[PDB]
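Coordinate analysis (summary)
This is what each chain is made of:
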Amino acid sequence: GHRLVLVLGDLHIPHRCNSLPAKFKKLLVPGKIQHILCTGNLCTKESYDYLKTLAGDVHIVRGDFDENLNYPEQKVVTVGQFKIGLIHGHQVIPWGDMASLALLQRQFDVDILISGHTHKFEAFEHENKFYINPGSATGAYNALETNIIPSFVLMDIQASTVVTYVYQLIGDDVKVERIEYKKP
Amino acid sequence: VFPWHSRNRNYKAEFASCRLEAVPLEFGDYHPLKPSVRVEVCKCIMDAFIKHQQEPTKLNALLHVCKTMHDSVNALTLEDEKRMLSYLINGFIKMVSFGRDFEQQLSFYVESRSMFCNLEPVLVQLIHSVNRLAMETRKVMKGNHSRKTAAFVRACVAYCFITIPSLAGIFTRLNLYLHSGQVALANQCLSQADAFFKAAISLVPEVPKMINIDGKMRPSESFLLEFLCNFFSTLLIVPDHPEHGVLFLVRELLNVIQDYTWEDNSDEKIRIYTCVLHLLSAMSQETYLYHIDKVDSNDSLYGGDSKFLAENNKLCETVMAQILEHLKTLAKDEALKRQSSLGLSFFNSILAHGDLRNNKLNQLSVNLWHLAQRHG
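Residues numbered from 1 in each chain as written, not as in the entry; some residues may be left out. Chains lettered and ligands numbered in written order. Heavy atoms only, no water.

1. Quick look at the overall build of chain B
- A count of helical and extended segments in chain B gives 16 helices and three strands.
- Dimensions of chain B along its principal axes, counting C-alpha atoms only, are 75 × 55 × 50 Å.
- The buried share of chain B, reckoned over its 376 residues, is 51%.
- Averaging the positions of the 40 positive and the 40 negative side-chain charges in chain B gives two centres separated by 2 Å. (Helix = DSSP H or I, 4+ residues; strand = E, 2+ residues; numbered from the N terminus. Buried < 20%, exposed > 50% of the residue type's maximum accessible area, 1.4 Å probe, protein only. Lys, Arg positive; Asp, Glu negative; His and termini not counted. Charge placed at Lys NZ, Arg CZ, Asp CG, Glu CD.)

2. Notes on the sheet that holds strand β5 (residues 82-87) of chain A
All names here are of chain A.
- The strand order across the open sheet built from five strands is β4-β5-β6-β8-β7, with neighbouring strands paired in mixed fashion. A strand with exactly one partner marks an edge of an open sheet, and here the two such strands are β4 (74-79) and β7 (122-125). Averaged over all pairs of adjacent strands, the angle between their axes in this sheet comes to 15 degrees, without regard to strand direction.
- Each of β4, β5, β6 (112-115), β7 and β8 (130-133) is contacted by helix α3 (residues 98-108), which is oriented at about 125 degrees to β6, the strand it contacts most. (Pairing = 2+ DSSP bridges. Axes fitted to C-alpha atoms, helices over the stretch in contact; angles between N-to-C directions. Contact = heavy atoms within 4.5 Å.)

3. Considerations on the UniProt feature "binding site: Zn(2+) 1" in chain A
Residue and element names in this part refer to chain A.
- Under the present numbering, the feature "binding site: Zn(2+) 1" in UniProt falls on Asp10, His12, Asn41 and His119. On the basis of their most widely separated C-alpha atoms, the annotated residues across 110 residues gather in one place, lying no more than 11.3 Å apart.
- Of note, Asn41 is situated in the loop between β2 (35-38) and α2 (45-52).
- Exposure remark for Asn41: the relative accessible area of 0% places this residue in the buried category.
- What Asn41 contacts, discounting residues up to four positions off in sequence, is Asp10, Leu11, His12, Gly63, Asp64, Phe65, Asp66 and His88.
- Residues within four places of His119 in sequence aside, it is in contact with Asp10, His12, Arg16, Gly135, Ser136, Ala140, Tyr141, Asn142 and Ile148. (UniProt positions renumbered as here; feature names shortened; annotations may be inferred.)

4. Observations concerning the domain arrangement of chain B
- Taken as a whole, chain B is organised into domain 1 (57-70 + 80-165) and domain 2 (224-376).
- For domain 1 of chain B versus domain 2 of chain B, the distance between C-alpha centres works out to 39 Å. (Domains from an automatic or database assignment.)

5. Describing the UniProt feature "transmembrane region" in chain B
- Taking the numbering used here, the UniProt-annotated feature "transmembrane region" corresponds to residues 155-171 of chain B.
- Helix makes up 65% of residues 155-171 of chain B and strand 0%. Its end C-alpha atoms lie 24 Å apart.

6. A few points about the packing of helix α11 (residues 248-259) of chain B against helix α12 (residues 268-283) of chain B
Residues and elements named next belong to chain B.
- Close contact between α11 and α12 brings their axes to 11 Å; oriented N to C, the two are set at 170 degrees. It follows that α11 is roughly antiparallel to α12 by the angle criterion. Facing α11, whose interface residues are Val250, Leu254, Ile257 and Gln258, α12 presents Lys269, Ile272, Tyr273, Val276, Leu279 and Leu280.
- Looking at the contact of α11 with α12 residue by residue, the classes come out as eight nonpolar, one polar and one charged. (Parallel < 35°, antiparallel > 145°, perpendicular 65-115°, else oblique. Nonpolar A, V, L, I, M, F, W, Y, C, P; charged D, E, K, R; others polar.)

7. Digging into the side chain of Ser151 of chain A
Residues and elements named next belong to chain A.
- Relative to the assigned elements, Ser151 resides in strand β9 (residues 151-158).
- When its relative accessible area of 1% is taken as the criterion, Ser151 is described as buried.
- At 3.0 Å, the side chain of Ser151 forms a polar contact with the backbone oxygen of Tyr167. (Polar contact = N/O pair within 3.5 Å; in protein donor to acceptor, adjacent residues only side chain to side chain.)

8. Topic: the UniProt feature "binding site: Zn(2+) 2" in chain A
- Under the feature "binding site: Zn(2+) 2", the UniProt entry names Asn41, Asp64, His88 and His117 of chain A. Sequence-wise these annotated residues cover 77 residues; spatially they are packed, their C-alpha atoms never more than 8.9 Å apart.
- The buried category is assigned to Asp64 of chain A, whose relative accessible area is 9%.
- Excluding residues within four positions of it along the chain, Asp64 of chain A makes contact with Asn41, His88, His90 and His117 of chain A together with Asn175 and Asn230 of chain B.

9. Looking at the interface of chain A and chain B
- Chain A puts 53 residues into the contact, and the matching count from chain B is 60 residues.
- Both faces combined, the contact of chain A with chain B buries some 4900 Å², and carbon together with sulfur accounts for 60% of it.
- The largest contributions to the chain A side of the interface with chain B come from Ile93, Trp95 and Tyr141 of chain A, which together make up 15% of the buried area.
- One salt bridge connects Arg83 of chain B with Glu67 of chain A, and the closest N-O pair in it is separated by 3.5 Å.
- Seen at the junction of chain A and chain B, the total is 19 residue pairs in polar contact.
- Secondary structure elements with two or more residues in the side of chain A that touches chain B: α3, β7, β9, β10 (161-170) and β11 (173-182) of chain A.
- No other element matches α3 of chain A, which puts five residues into the side of chain A that touches chain B. (Buried area = accessible area lost by both parts, 1.4 Å probe. Salt bridge = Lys/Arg side-chain N within 4 Å of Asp/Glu carboxyl O.)

10. Here we look at the pattern of salt bridges
All names here are of chain B.
- Overall, the coordinates contain 17 salt bridges over all chains when judged by the stated rule.
- A salt bridge links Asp267 to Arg338; the nearest nitrogen and oxygen atoms lie 2.4 Å apart. Pair noted here: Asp267 is in the loop between α11 and α12 and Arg338 is in helix α15 (residues 336-353), with a separation of 71 residues, a long-range link.
- Overall, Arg338 belongs to the partly exposed group, its relative accessible area being 27%.

11. Brief notes about the pairing of strand β1 (residues 3-8) of chain A
Residue and element names in this part refer to chain A.
- Within β1, five of the six residues are buried, which leaves the element mostly enclosed by the surrounding structure.
- The pairing of β1 with β9 spans five bridges and is classified as antiparallel. Bridging from a neighbouring strand, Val7 pairs with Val153 of β9.
- Bridge analysis of β1 against β2 gives four bridges, and the strand direction is parallel. From the neighbouring strand, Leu8 faces β2, where its bridge partner is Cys38.
- For the handedness criterion, the β-α-β arrangement of β1, helix α1 (residues 22-27) and β2 is classed as right-handed. (Right-handed = clockwise from strand over helix to strand, strands pointing away.)

12. Here we look at the packing of aromatic side chains
- As enumerated under the stated definition, the model contains 20 aromatic pairs over all chains in all.
- With a centroid separation of 6.2 Å and 45 degrees between ring planes, the pair formed by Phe171 of chain B and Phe223 of chain B is classed as tilted. Remark: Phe223 of chain B occurs in helix α10 (residues 221-234) and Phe171 of chain B occurs in helix α8 (residues 170-185); sequence separation between them is 52 residues.
- We classify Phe223 of chain B as buried; its relative accessible area is 11%.
- An angle of 70 degrees between the planes, with centres 5.9 Å apart, marks the rings of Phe227 of chain B and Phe231 of chain B as edge-to-face. One end of the pair is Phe227 of chain B and the other is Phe231 of chain B, both in helix α10 and four residues apart, which spans about a single turn.
- A residue is classified by how much of its surface remains accessible, and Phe227 of chain B, at 2% relative accessible area, is buried.
- Between the NZ or CZ atom of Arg16 of chain A and the centre of the ring of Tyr141 of chain A, over which it lies, the distance is 4.8 Å.
- One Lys or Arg, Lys120 of chain A, reaches over the ring of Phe15 of chain B and ends 4.7 Å from the middle of that ring. (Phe/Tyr/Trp six-rings, centres within 6.5 Å; stacked < 30°, edge-to-face > 60°. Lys NZ or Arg CZ within 6 Å of the ring centre and 35° of its normal.)

Rendered as structure tokens:
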């Protein structure tokens, strides 16, 4: 049994980017995605409607610039055997700190923590817990980085194994990487 | 009084050890996604343009249409119509791109600001697009600014500084001060970044209890907590101007939050103090977790000088003293639920950042754990 989750965030349409990269839209076809977890900063209803055309279950958290202030600050969604924590990450002091995120993984009692304010992609296992920072799909700028690479994560969950396919657009080519995670 | 110490953190080594090794995919390998009053005419024109012009252009007729549409805004204009008009004008603005001619783009934006003054969302989009323009100039000239574009990026930052106060939204104002300050601080405009941060701090004491959200009045406590957390995370990179005391903006924000009018039935102020512990502990390290391209943050500016580290430690001790005072007042208030909640949060903070090797902080942590378990 395969469950597909699209980990996305920091689109910043149209505050910092007009749209997603050209190739990503071609790759993201409707029907192949079951859940969509967004770290936030879509900033418009248009990106939310675009996500609604890609899957049925669409969980979005509040960014630091999202227009809809009713999106939850943090969320816990159970897909397969895995509980996943979703938060934008700008609450975290400092941004992207390991301990400051382990605190959230303790609070939520959660298996995967997704947080993406720092637009650089990351994926690390700390204290037998999985942390994914999917980066910015549109490559939106931040003061923290010089060369932002558009990226998004796609988790295939089956029983206890999550295979994470990470899509990054370098130059004009979409590289994909495989990350293996197994819950003890 | 229990002092504080910072657990040494080697962010490079920690990330290197805990990072998951990904195996790249070659072609063939499987990845899942492998195959005047007649505003109606103005709306009709703008809809056609936004729906059937998908490439940027290098205006006057569309500008006149937008002026006619925007001039209809008065005291009798509803919020829904203002939202629609702002959407249409932003759709017009998005497609006007002068490419590598940055100066003409900024001229277009200043003209737009002088033309669409009433509709706030257009102004927000203009600030965001000017910030994008400055960052795009940085990206094109690869950080190594030329003498010519230094003035241009300073002009963009000044445009943000003068335009943000014209907004009415309190939290939009705070977040745009913070973001525009970060944008300025990515282009070696230290003095204007400090002004942006000071403006945000000075504007913090104005946020009320109830804020408008989709037409409904909701408490602003959680939103203020989020903004203050964002600001504290931002202050890690900000250089300290030598003409002031150490951690000047951090201390100013702490004073502001100390004097802020918090609700009597509220304990979020102590939560924010618990958060300040995080920022100080991170700021006390040898090299900071994240940096700007060429701005000497306090990590290299002070170089971890014993005086600066001691000042950070003393500020940590003061914040902890405040938190412990509130905890004791909670015990005297007999509402033990909030006491246990804050004790859990504080113990978690100490475990996250505090140097547990030190006996004095360890005893405080053990006492906090036992206090939390003493009342479920």
